[PDB]
Amino acid sequence: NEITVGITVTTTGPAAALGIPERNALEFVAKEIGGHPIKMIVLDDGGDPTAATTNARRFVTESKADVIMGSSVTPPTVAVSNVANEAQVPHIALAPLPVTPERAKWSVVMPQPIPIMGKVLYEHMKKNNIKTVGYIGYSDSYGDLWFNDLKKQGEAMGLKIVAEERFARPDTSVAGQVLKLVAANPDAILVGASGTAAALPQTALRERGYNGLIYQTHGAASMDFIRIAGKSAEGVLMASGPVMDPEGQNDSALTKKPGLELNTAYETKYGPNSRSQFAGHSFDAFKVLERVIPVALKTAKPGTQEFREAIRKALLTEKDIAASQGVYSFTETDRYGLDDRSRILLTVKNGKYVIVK
Ligand SMILES: O=C(O)C(=O)Cc1ccc(O)cc1
Ligand SMILES: [Pr+3]
Numbered sequence: 029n030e031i032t033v034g035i036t037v038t039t040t041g042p043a044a045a046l047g048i049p050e051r052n053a054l055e056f057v058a059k060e061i062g063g064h065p066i067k068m069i070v071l072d073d074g075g076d077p078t079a080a081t082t083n084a085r086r087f088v089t090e091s092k093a094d095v096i097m098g099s100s101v102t103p104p105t106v107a108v109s110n111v112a113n114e115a116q117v118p119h120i121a122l123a124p125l126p127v128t129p130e131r132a133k134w135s136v137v138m139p140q141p142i143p144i145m146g147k148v149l150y151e152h153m154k155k156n157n158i159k160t161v162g163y164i165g166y167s168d169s170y171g172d173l174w175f176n177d178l179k180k181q182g183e184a185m186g187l188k189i190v191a192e193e194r195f196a197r198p199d200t201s202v203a204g205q206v207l208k209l210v211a212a213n214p215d216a217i218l219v220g221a222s223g224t225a226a227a228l229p230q231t232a233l234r235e236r237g238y239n240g241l242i243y244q245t246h247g248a249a250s251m252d253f254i255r256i257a258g259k260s261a262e263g264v265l266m267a268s269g270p271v272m273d274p275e276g277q278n279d280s281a282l283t284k285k286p287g288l289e290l291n292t293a294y295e296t297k298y299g300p301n302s303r304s305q306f307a308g309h310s311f312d313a314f315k316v317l318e319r320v321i322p323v324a325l326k327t328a329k330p331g332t333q334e335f336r337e338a339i340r341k342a343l344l345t346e347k348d349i350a351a352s353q354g355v356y357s358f359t360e361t362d363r364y365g366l367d368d369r370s371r372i373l374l375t376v377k378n379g380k381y382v383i384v385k
């Protein structure tokens, strides 16, 4: 009578810094929901889309999963969503992705959508005298989501995009891209990357004498960024989920209690400042399950296709789902389901994250 949840995340390779906290956070989620035990099957995919496809396929067929979850970065998350939408199994994505008609029916997304994160960054650029903006980001759909958003929102707000450079996830140098960005000398540069890679343009730009403002995505929101960037991290502007600072929230924020619950558990085990954007997502996915499971049980039983459907329909009917990273209300067309309560703006002062109000 167990409910089966298959989870594929990235605990090896360049994106381990994202998947490791995601896996680690599972220690702190409910393993009994709606009066049923939860059976979790957790597999590494190394960030590889083929491996992620394979993991997801096996969860849905061999493990007869009721829900599948993952992956840690966009390319394998697209792969998982494609399996979910063909096999007709609810999928909770732990990385942002382009939600096309192919993907929208069966996938919902825990991380904040790019445009919400972009808007807070671009409003800061406007307030801080920025006229020209350069971009460096992955040469894949994550880097595309961010560049497209920068151009679309940015130009509408009167910013001028003056350079675009890309680099691949495994790359350890961005020398050629930085040379071009430095020569263009934009007032600000947006880095579209994540984890350890996000710190690569941060250090390379400062080392080459760039003095403009540097903006980072929510893909950079863990202590790994400050560890790796060092002094180059100072003064960065970074979009983040609210889980990075539940202490600072008003008691009236529905995200405060779940943020405090997660962070107290996580930091007790893993040490000071070990909170992350990413631990927030897997923890939140279970907050979502705690709302939708008891609703699905009213009409269906675990291990059937009807239960998959009932969960999918509950995702549409259950509104205002409180979690550490925001308050979720999904629709047929909005698979992120988040608003302004799902983001804050961080900077780094003396090796510590601080909120910019
Ligand atoms: O690198 C990638 O592809 C990402 O998708 C990283 C990422 C993961 C979770 C977030 O909340 C923000 C960005
Ligand atoms: Pr029935």
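Position one of the sequence shown corresponds to residue 29 (PDB author numbering), numbered consecutively onward.
For each residue, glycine too, the CB sits at the ideal point set by N, CA and C.
request  = Please name the residue in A257, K259, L265, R255 whose C-alpha comes closest to that of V384.
outcome  = Here residue 384 corresponds to residue number 356 of the sequence shown, with the count starting at 1. Residue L265 is the option with its Cα nearest to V384.
request  = Reducing DSSP to helix, strand and coil, say where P274 ends up.
outcome  = The residue given as residue 274 occupies position 246 in the sequence shown. DSSP places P274 in coil when its eight states are reduced to three.
ask   = Beta carbon of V136: closer than 7 Å to some heavy atom of ligand 1?
value = Here residue 136 corresponds to residue number 108 of the sequence shown, with the count starting at 1. No, Cβ of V136 sits at least 7 Å from all heavy atoms of ligand 1.
key: Candidates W134, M153, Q305: closest to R363 by CA position   = If you number the sequence shown from 1, residue 363 lands on position 335. Nearest Cα to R363 within the set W134, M153, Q305: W134.
Alpha-carbon to alpha-carbon, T327 and residue 10 = Outside the displayed span of the chain (29 to 385) sits residue 10, for which this structure offers no information.
inquiry  = On a Cα-Cα basis, can you pick out the residue from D367, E337, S370, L374 that is closest to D94?
reply    = Walking along the sequence shown from the start, residue 94 turns up at place 66. Looking at the Cα atoms, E337 is the closest of the given residues.
request  = Taking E193 as part of the beta strand (DSSP E), name the residues at either end of that continuous run.
outcome  = As a position in the sequence shown, residue 193 is number 165, starting the count at 1. For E193, the enclosing beta strand (DSSP E) starts and ends at 188-195.
task = Return the CA-CA distance between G247 and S222, expressed in angstroms with no decimal places.
result = Along the sequence shown, one-based indexing puts residue 247 at 219. Along the sequence shown, one-based indexing puts residue 222 at 194. Between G247 and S222, the C-alpha separation is close to 4 Å.
query = Exposed or buried, what is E192 when buried is set at 16 or more other beta-carbons lying within 10 Å of its beta-carbon?
reply = For the purposes of this step, residue 192 is taken as residue 164 along the sequence shown, with counting starting at 1. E192 should be labelled buried.
request  = Please say whether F358 and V127 have beta carbons closer to each other than 8 Å?
outcome  = In the sequence shown, the residue the question calls residue 127 occupies position 99. In the sequence shown, the residue the question calls residue 358 occupies position 330. No.
task = Give every residue of the same chain whose Cβ lies closer than 8 Å to the Cβ of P42, excluding the five residues on either side of it in the sequence, and list them in chain order.
result = For the purposes of this step, residue 42 is taken as residue 14 along the sequence shown, with counting starting at 1. Within the same chain, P42 has close Cβ partners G75, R197, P198, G223, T224, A225.
message = Measuring straight from C-alpha to C-alpha, what distance separates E130 and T361?
response = One-based indexing of the sequence shown puts residue 130 at position 102. One-based indexing of the sequence shown puts residue 361 at position 333. Cα to Cα, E130 sits roughly 12 Å from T361.
ask   = What's the gap between the Cα of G331 and the Cα of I242?
value = As a working note, residue 331 is residue 303 in the sequence shown. As a working note, residue 242 is residue 214 in the sequence shown. Those two C-alpha atoms are separated by around 48 Å.
ask   = Can you tell me where the beta strand (DSSP E) with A350 in it begins and where it stops?
value = Along the sequence shown, read from residue 1 onward, the residue named residue 350 stands at position 322. That run of the beta strand (DSSP E) goes 349-351.
key: One or two residues paired with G75 in a DSSP bridge   = If you number the sequence shown from 1, residue 75 lands on position 47. BP columns for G75 are empty, so no partner.
request  = Assign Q205 to buried or exposed, taking buried as 16 or more other Cβ atoms, counted over all protein chains shown, within 10 Å of its Cβ.
outcome  = Translated into the one-based positions of the sequence shown, residue 205 becomes position 177. Burial check for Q205: the Cβ neighbour count within 10 Å reaches 16 or more, so the residue is buried.
Helix, strand or coil at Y294 according to DSSP, with G and I counted as helix = Position 266 of the sequence shown, counted from the first residue, corresponds to residue 294. Helix.
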